[PDB]
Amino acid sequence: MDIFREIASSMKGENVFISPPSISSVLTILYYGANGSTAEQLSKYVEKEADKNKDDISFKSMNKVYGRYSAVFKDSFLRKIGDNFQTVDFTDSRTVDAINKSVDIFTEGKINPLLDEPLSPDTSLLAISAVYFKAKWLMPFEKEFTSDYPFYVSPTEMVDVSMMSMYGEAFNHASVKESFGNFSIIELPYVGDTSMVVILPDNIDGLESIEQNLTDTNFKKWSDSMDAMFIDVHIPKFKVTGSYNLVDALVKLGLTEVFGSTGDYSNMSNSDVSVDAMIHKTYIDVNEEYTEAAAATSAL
């Protein structure tokens, strides 16, 4: 959650949507190749779990690491990344359009241009993770109730929006009461094994102190305290897209010797490889029938 905390912290007042696994996916790649301080300093985010090309009902992931066509890599590192490595010419124009296409196809055309400006001719390597998710609500919102409800962008700024609603149902609710504000937390399950846990501050403006306290411990804690309750639900059907550069965030989180020349990726290549940017683009779409989400990140 800390990376989210960080990203969300920088762009206060703006929609944000990230995918911790996708991000951790590449950081793990980098880890396998990292050595010295870079390694341990990056170990804090290592998880071989979602760092693969798996799938669990409605979520599918994919890993790909492209190396400089001229560099020579380590066998051991290559052993871990396994079936997800290729040597490409970065100065090659087509290359960029090759990658984007791969991510494009894979994410149902949701995250198309993963890479923007032509890929710098000096980039040593490019680690990538893509993820796709789409599942239907176990309890499809009543289409015959989706009306316009006012939304508080701020206590003053009012903006109508489509509000999905459903009554007469029971959901796992909970009314946490913490020193940093009070909120309600509910669970809208999707068919399968995944759900959406929404955290709604009780006051129309207490989200900040809450978010800056969102930790995996807390979240887990508050989630457990949830019990089957009867609540009428009103959640906005939205659809947003994101584009973030996690270099800033990650550095503040402690990853100082990870980006730039100080980066020690010795266990990856005899050459002097480096990565200067972490791109993360995302997509989500929530409506009264299903939820489609997807994201992709690359360490340029």
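The numbering used is simple: start at 1 and walk along the sequence shown.
- Here the stretch with the larger average CA B-factor, out of 233 to 241 and 65 to 73, is 65 to 73.
- As the entry records it, the average C-alpha temperature factor is higher for 84 to 92, out of 129 to 137 and 84 to 92.
- Of the candidates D104, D216, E142, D97, the PDB record gives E142 the highest C-alpha temperature factor.
- When the C-alpha B-factors of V159, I111, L200, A174 are ranked from the entry, the top spot goes to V159.
- The entry lists a Cα temperature factor for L119 that places it in the highest third of the chain's modelled residues.
- When the CA B factors of the chain's modelled residues are split into thirds, the value for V251 lands in the middle one.
- Among all modelled residues in its chain, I3 ranks in the lowest third by Cα B-factor.
- For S225, the recorded CA B-factor ranks within the middle third of the chain. Only modelled residues enter the ranking.
- Placement of the Cα temperature factor of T194 within the chain: lowest third of the modelled residues, per the deposited record.
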